[PDB]
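Okay, structure first, notes after.
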Amino acid sequence: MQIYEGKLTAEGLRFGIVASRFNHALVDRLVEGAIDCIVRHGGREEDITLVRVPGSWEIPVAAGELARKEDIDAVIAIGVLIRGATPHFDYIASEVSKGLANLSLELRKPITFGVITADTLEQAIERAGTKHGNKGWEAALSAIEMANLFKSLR
Amino acid sequence: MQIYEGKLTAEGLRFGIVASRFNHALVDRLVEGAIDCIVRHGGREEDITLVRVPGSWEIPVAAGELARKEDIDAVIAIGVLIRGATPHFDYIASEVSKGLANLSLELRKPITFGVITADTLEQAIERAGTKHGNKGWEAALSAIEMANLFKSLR
Amino acid sequence: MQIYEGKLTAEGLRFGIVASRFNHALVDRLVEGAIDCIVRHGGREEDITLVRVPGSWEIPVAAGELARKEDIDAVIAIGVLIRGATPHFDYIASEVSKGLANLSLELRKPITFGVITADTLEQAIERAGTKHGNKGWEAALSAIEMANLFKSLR
Amino acid sequence: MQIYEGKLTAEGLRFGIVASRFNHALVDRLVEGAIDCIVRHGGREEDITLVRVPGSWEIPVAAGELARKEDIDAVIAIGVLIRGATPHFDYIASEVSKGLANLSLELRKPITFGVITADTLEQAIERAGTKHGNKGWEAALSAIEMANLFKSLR
Amino acid sequence: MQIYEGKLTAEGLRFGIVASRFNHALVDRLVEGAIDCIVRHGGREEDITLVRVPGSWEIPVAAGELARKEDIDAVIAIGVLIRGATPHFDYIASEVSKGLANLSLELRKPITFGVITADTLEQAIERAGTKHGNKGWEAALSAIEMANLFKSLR
Amino acid sequence: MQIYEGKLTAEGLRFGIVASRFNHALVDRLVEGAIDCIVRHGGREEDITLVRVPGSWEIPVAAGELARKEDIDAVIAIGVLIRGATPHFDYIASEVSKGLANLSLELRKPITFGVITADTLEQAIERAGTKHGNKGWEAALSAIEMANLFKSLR
Amino acid sequence: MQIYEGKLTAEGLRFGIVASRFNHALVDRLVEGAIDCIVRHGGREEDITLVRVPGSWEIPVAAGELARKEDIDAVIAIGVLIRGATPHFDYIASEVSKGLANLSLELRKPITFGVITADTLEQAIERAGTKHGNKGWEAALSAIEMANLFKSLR
Ligand SMILES: O=Nc1c(NC[C@H](O)[C@H](O)[C@H](O)CO)[nH]c(=O)[nH]c1=O
Ligand SMILES: O=Nc1c(NC[C@H](O)[C@H](O)[C@H](O)CO)[nH]c(=O)[nH]c1=O
Ligand SMILES: O=Nc1c(NC[C@H](O)[C@H](O)[C@H](O)CO)[nH]c(=O)[nH]c1=O
Ligand SMILES: O=Nc1c(NC[C@H](O)[C@H](O)[C@H](O)CO)[nH]c(=O)[nH]c1=O
Ligand SMILES: O=Nc1c(NC[C@H](O)[C@H](O)[C@H](O)CO)[nH]c(=O)[nH]c1=O
Ligand SMILES: O=Nc1c(NC[C@H](O)[C@H](O)[C@H](O)CO)[nH]c(=O)[nH]c1=O
Ligand SMILES: O=Nc1c(NC[C@H](O)[C@H](O)[C@H](O)CO)[nH]c(=O)[nH]c1=O
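Protein chains in written order, with our numbering: chain H, -9 to 144; chain Z, -9 to 144; chain W, -9 to 144; chain D, -9 to 144; chain X, -9 to 144; chain G, -9 to 144; chain Y, -9 to 144.
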C-alpha cells in the first residue's frame, strides 16, 4: 500500500495567517496559539505572514491573496463568530467556511479552519485558550501537517 | 434499452482513500473496513493509496490531489464528525460533503462518501463497525461499483 | 498462526436459494437482492438453483434436499415472518431457524439465514430492500464467503 | 437458473392427516377444510388417510408412523391449542411444532403445520373456518404444493 | 378414506407409569387417577408397571427404560411442577417435556403427558383431582387410546 | 476421591478460534484478548488456527470443521450479537449457542463460548475489553483449562 | 521499540499473601482464589507465604516485612472493607491503599491490591467469588504478571 502523511515538524515551512478583528479579545488568543504552535514545532516566525481584516466576512478574500503566493505553503484562517439575535451569524459563518473551502480546492493548497462559530460567548471563550483548547493552535497544527503532506502529495 | 452498471469484483482496480485523524479510534475502524472490502473483492492492497489528513475539513483538498491521478480509479473519503456544543460540526460537515461532491463532478471521477456525520458518539460507534455496519466498507463497495461502471461509462 | 477466510468473489460458485411464498411481496425483493449479490460478485445465474415453498415452515425440508446436492456449495434461506395476533409466529420462527442451523451442521455445509422475523410489517419492509437493507442480499453475501471458506476448511 | 416449484393440482397425490380430538369442535372444522382442499384440487378422498389422536401432544408420534409410509406423499398436522391459565400450552405447543419439524427433516418428507396455537378461544375460532380462514385448508394446500415439489426435488 | 383411531377399552393393554416424588401430595392423586382410569376401562392392574423417581427432571431417563420394554404398550408420565422464585421451573419443565416427546418419536411408542406445569400451588391443586380434573387420569386415557391406535398404525 | 481438573498453562496446546465479522469493531477486541490469553499462558501463536465467518449464525458450521481436526485441542467461539428492533437477535443467539453446545457433545471436545449476547451496544462494549472484561480472553482461558482437563479425562 | 511485559506462567515464582481476618467469611474466599490462581498457573504452593493480620489497617506493616524478603517476588494484599455507619471505613481504606502503594515504590517490588472496598455487604459478596469474580484471584494474577515483568525490568 502507498501511504502518504505529514509529520509535525515545521522546519522550513512558511505560513499565512488571516485573522479578523471582530471579537479581537478572543481572536488575539487564537493568533497567539497559532504562532506558538508554529514556532515550537520548528517553524521560523520570520516565515509567518499575518494579515489582519475587519471581520470573518473578509477572511476569504484576503486568504485568497495569500494562498496564491508561491512562497506560502498553507494558510490558517482565524476568527471568532458568536451568534447574535438575528441570523446574521448564519450567513457570515456559512460564507466564510464555504469561501475558505472553495479557495483551498481551487488553489490546490491547504487552508485550515481556525474560525470559531459559537452560539454563546462562553463557548467562544472555551475555545480560545481555555477548557476546550485553542482553535488557532489547532488550525496551525493542521496546517503544519498538511504542508508537509503536500511536499509529496502535490 | 442500453443498460450500464458496475460489478463488484475489484480485480485490477486502483483506489485512493483519504482518512482523517480526528476521532481516529472510530476512523481507524472505517479504514480497516474499506481495505478489507477492497481486498476480499479481489483488489490488491498494493493498488491502494492511503492519505491521512488532520480532520474532515482537510479531506477535500487531499482527495482533489488523489482524484487527479490518472492511475487512481476512484477515491473513498473516510472521516468521523460528531456534533459538539456549537455549529462547528454543521459548517465542517457541509463543506466536506460539498467539496467532495464538487470534485467528483469537476474531475469526472467517482469519489465516495464514507464520512460519518453523527449527532452523538453512540451513533458514530454504531456506524464504525458495530450494529449499523461500517461506513468505510460501504463507501469502498460503492467505489468498486463506480470504478467498474466508469470503465464503460466514462 | 493459521488463518482461514473466504473472499467475496463468486466465480464458479453454485448456490441453492429456498424462498417461501408467504408474504411474497417482500420475499420477492429478498430473492432479487440475493440473485443480484451473487451475479455482481461474479457468480453465474445459471449456477443458482431456486426452490419455492409455501411458507417459512417448509423452508427447512426443501433446504435439506438442496444442501445434500454435491454440486451445491451453499444454501441461502429466504422468507418473511411477521408477527400476527397469536404465538403462531414464534413456533414457526423457532422451528425454521433451528432446522436450518441443524441441517447445516448435519450436512457440514453452509446454510445462511435470510429469513426476516419481524414484529411489524414496517420492520419487514425496512429489511426487504429499504432503509435497513435487503436480508436476501446479506444472506447471499454470507453464503459466498462461506462457500469460499469451505474450499479450504471442509 | 434452475427453478423448482410445486403446482397446486393434486391428481394422484396421497395424504396423511393427523388430527387431535382436544378442542374437536374447532379441529373438526380444520379437518373439513383440509379434505375439501385436497378433493377440489383433484386429489381422491380414497387416497387420504386420517389418523385421530387425543391431543396435540400425540400428533408427532402418529405423524411419524404416517410419514414413514412409502405410499404417503405428505402429512398434514391438524390440532387446536388454546392457552389455559398455566404454561401447559407453551410446553405442548413447543414440543408439537418441534417434533413435526424434526420428523420432516429426518424422514425427508413434507409435514405441514395446521396446528392453531391461540392465546384465546376467539382467535382459535377466527382461524378455524371464520374470518381468518381455515388452517386445515391452508396446511393441506401447502402439502399439495410440497408433494408436487418433491416429485422433482426428492 | 382410510381412518385409524383408538378405542377406549383397555383389555389386554400394558402400561408404564413414571411418577416423580417432588410435590407428592399432588402427584399421588395423579397416580390414583391414572390407575383408576386404566382399571375401570378394562386394563388389569397387574399389567401396570409403576416407576418412581425423585423429580420431574428424572422422569425422562426412567421413561426411556420403560418405553424400550417390548411388553409395555404406552408410557404415562406423571409429575407436578410448581413455579418457584427462580427460572429453575422453566429449565426443568422445558427439558422434561422435550425429553418425553423426543423419546416417543425415537422409540416410536406413545408416551403421554400428565405432568402439571403450574404457576401457582392453587393451579396445581385444581389439576390434581379437583375442579380442573386429574391430569393423571387424562394422560392414562390418552395412553389407552394411543396404544389401541398403535395396534393398527405401528 | 478421584479429582480431575485442568491447569492454566498452555504449553503444547493447539486452539481453534472461530470469529464472526459482524460487529467487528468489538469482535476484533475479543480476538486480541483470546490470542493474548493463549500466548501469555505459554501457548504458541503458531498453534492457533483462526477462522473468520460473516456472522454469529455461521460460527457453528465452521467450528464443526475445526473441532473435527485431530490436532485441535479445543475451539473458542467468538462473536458479538447486539439486539436490534426485531427478534432476529433471539433466533440467531439461540441457534449459535445451541449449535456450539451440541457440537461439543457430539465431538466430545471442548468448545468455549465467547459470544456476547447484549441488549445494548453499551453492554457489548463493556464486555469487549472495557469495564466488564474481555469475553474472548475469558473463553480462551476456559479452553486452556478444558484442553488440559481433557488430557486426562477424555 | 523495546517492549517489556510479564507472562502468566508462575513456574519458580514465590509470593507473599497478607490477608486480614476482619470479614473473614469473605476474605477466606479471596485467599482461596489467590492460592488457586497461583497454583494452577504453575506456581508451587510451598512457594507461597501467607501472613494473617487482624484487619485491613494492619495489612501494610505486615506487607512491608514480606516485601523486604529477597526470596519474595511479589506481595498480594487481601482484605475486605465494608462501609459502616461512620467514616471509619474511609480512613482505613485510604491508609491501607496508600501504605501498600508507598511500600511498593519504596521497595521497588510489586504489591498487588486485592482489598475490596465496598459500600455494601452485597457488593463485597459479589467480588469475593460470585458474580463480579474473586479479587484475590485477580490480585494474584496481577502479581504473577508483575513478578515475571520484573525479572527483566528490575
Ligand atoms: O457580526 N458578528 C460577527 C462579525 N461581523 C462583522 C462581519 O464579519 C463583517 O466584517 C461586516 O459584515 C462588514 O462586512 N464578524 C466576526 O468575525 N464575528 C462576529 O461574530
Ligand atoms: O471538530 N470536530 C471534528 C473535526 N474538527 C477538526 C477539523 O476537521 C479541522 O481539522 C480543523 O478545523 C482545522 O482545520 N474534524 C473531524 O473530522 N471531526 C470532528 O468531529
Ligand atoms: O403465518 N405467518 C407466516 C407464515 N405461515 C405459513 C407457514 O409457514 C406454513 O406454510 C403453514 O403453517 C402450513 O404448513 N409463513 C411465513 O413464511 N411467514 C409468516 O408470517
Ligand atoms: O391442554 N390443552 C390442550 C391439549 N392438552 C391435551 C394434550 O395434548 C395431551 O393429550 C395430554 O397432555 C395427554 O398426553 N391438547 C390440545 O390439542 N390442545 C389444547 O389446548
Ligand atoms: O424444583 N421444583 C420442582 C422439582 N425439582 C426437583 C428436580 O426435578 C430434580 O429432582 C432435582 O433438580 C435433582 O435432579 N421437581 C418437580 O417435579 N417439581 C418441582 O416443582
Ligand atoms: O443481525 N445482527 C447480528 C448478526 N446477523 C448476521 C447473521 O449472523 C448472519 O450472518 C446472517 O443472518 C446471514 O446468514 N450477526 C452477528 O454476529 N451479530 C449480530 O448482532
Ligand atoms: O471496621 N471495619 C473493618 C475493619 N476494621 C478493623 C481495622 O482494620 C483494624 O483492625 C482496627 O481498627 C484495629 O487497628 N477492618 C477490615 O479489614 N475491614 C472492615 O470492614
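All C-beta atoms, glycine included, are put in the ideal place defined by N, C-alpha and C.
Your pair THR39(Z) and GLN(-8)(H) checks out as a contact, with CB atoms roughly 4 Å apart and the cut at 8 Å. Not one heavy atom of ligand 3 lies closer than 8 Å to the C-beta of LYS99(D). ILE106(X) is positioned such that its CB atom lies closer than 9 Å to that of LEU20(X).
Comparing alpha carbon positions, the residue from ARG144(W), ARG11(W), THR(-1)(W), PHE140(W) closest to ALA67(W) is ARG11(W).
Between the beta-carbon of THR76(Z) and that of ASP109(H) there is about 6 Å, and that keeps the pair under the 8 Å contact cut. A residue is called buried once 16 or more other Cβ atoms fall within 10 Å of its Cβ, and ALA91(Y), having fewer, is exposed. Those residues of the segment -6 to 17 of chain G placed with their C-beta closer than 7 Å to a C-beta in chain W do not exist.
Counting along the chain, the unbroken beta strand (DSSP E) around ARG42(W) starts and ends at 38 to 43. Distances from the CB of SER46(W) to the heavy atoms of ligand 3 include at least one below 8 Å.
By the C-beta density criterion, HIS78(Y) is exposed, having fewer than 16 other C-beta atoms within 10 angstroms.
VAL8(Z) and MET136(Z) have their C-alpha atoms roughly 17 Å apart.
Separation of the CB atoms of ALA24(H) and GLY89(H) is rounded to 19 Å, and the pair is thereby denied contact status at 8 Å. Take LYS99(G), set aside five residues on each side of it, and the residues of its chain with a beta-carbon closer than 6 Å to its own are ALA57, in chain order. In summary, the residues of the segment 111 to 135 of chain Z whose CB is separated from some CB of chain G by less than 8 Å are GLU112, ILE115, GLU116, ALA118, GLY119, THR120, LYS121, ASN124, in the order they occur in the chain. Here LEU95(W) is buried, its C-beta having at least 16 other C-beta atoms within 10 Å. Taken in chain order, the whole alpha helix (DSSP H) runs of length 4 or more contained in the segment 68 to 105 of chain X are 78 to 97.
Shown in chain order are the members of the segment 43 to 57 of chain G whose Cβ falls below 7 Å from a Cβ of chain W: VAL43, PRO44, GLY45, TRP47, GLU48, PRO50, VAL51, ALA52, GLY54, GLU55. Taking 9 Å as the CB threshold, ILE106(G) stays off the interface with chain Z.
In terms of CA proximity to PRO50(G), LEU93(G) leads the group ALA0(G), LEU93(G), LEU139(G), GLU128(G). Taking a 10 Å sphere around the C-beta of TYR81(G), we find 16 or more other C-beta atoms and assign the residue as buried. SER142(X) is bridged by DSSP to nothing; it lacks a bridge partner. Excluding sequence positions up to five before and after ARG42(H), its CB lies within less than 7 Å of the CB of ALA9, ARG11, all in the same chain and listed in chain order. In the structure shown, the three-state DSSP call for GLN(-8)(H) is strand. Close to chain D, meaning a Cβ-Cβ distance shorter than 9 Å, are the following residues of the segment 63 to 91 of chain W: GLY74, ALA75, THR76, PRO77, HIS78, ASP80, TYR81, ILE82, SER84, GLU85, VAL86, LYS88, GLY89. With fewer than 16 other CB atoms across the displayed protein chains lying within 10 angstroms of its CB, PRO44(H) is exposed. DSSP, read as helix, strand or coil, puts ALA133(Z) in helix.
Using a CB distance cut-off of 9 Å, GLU22(Z) does not count as an interface residue toward chain H.
Excluding five sequence positions before and after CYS27(Z), the CB atoms of its chain that fall closer than 7 Å to its own CB belong to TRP127, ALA130, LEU131, given in chain order. Within chain G, no residue has its beta carbon less than 9 Å from that of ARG34(Y); the closest one is some 13 Å off. From the beta-carbon of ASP109(H), the residues of chain Z found nearer than 8 Å are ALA75, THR76, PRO77. Closest in C-alpha terms to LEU3(D), from the list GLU36(D), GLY69(D), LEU16(D), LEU71(D), comes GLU36(D). For the pair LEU71(G) and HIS31(G), the CB atoms are not nearer than the 9 Å cut-off. Assignment of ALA0(Z) by DSSP, reduced to helix, strand and coil, places it in the coil class. Between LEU111(G) and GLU116(Z), the CB-CB gap stays under 9 Å. Taking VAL86(D) as the centre and dropping the five residues before and after it, the same chain places the C-beta of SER46, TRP47, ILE49, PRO50, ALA67, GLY69, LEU71, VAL105 closer than 8 Å to its C-beta, in chain order. Rounded to whole angstroms, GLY33(H) and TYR(-6)(Y) show a C-alpha spacing of 36 Å.
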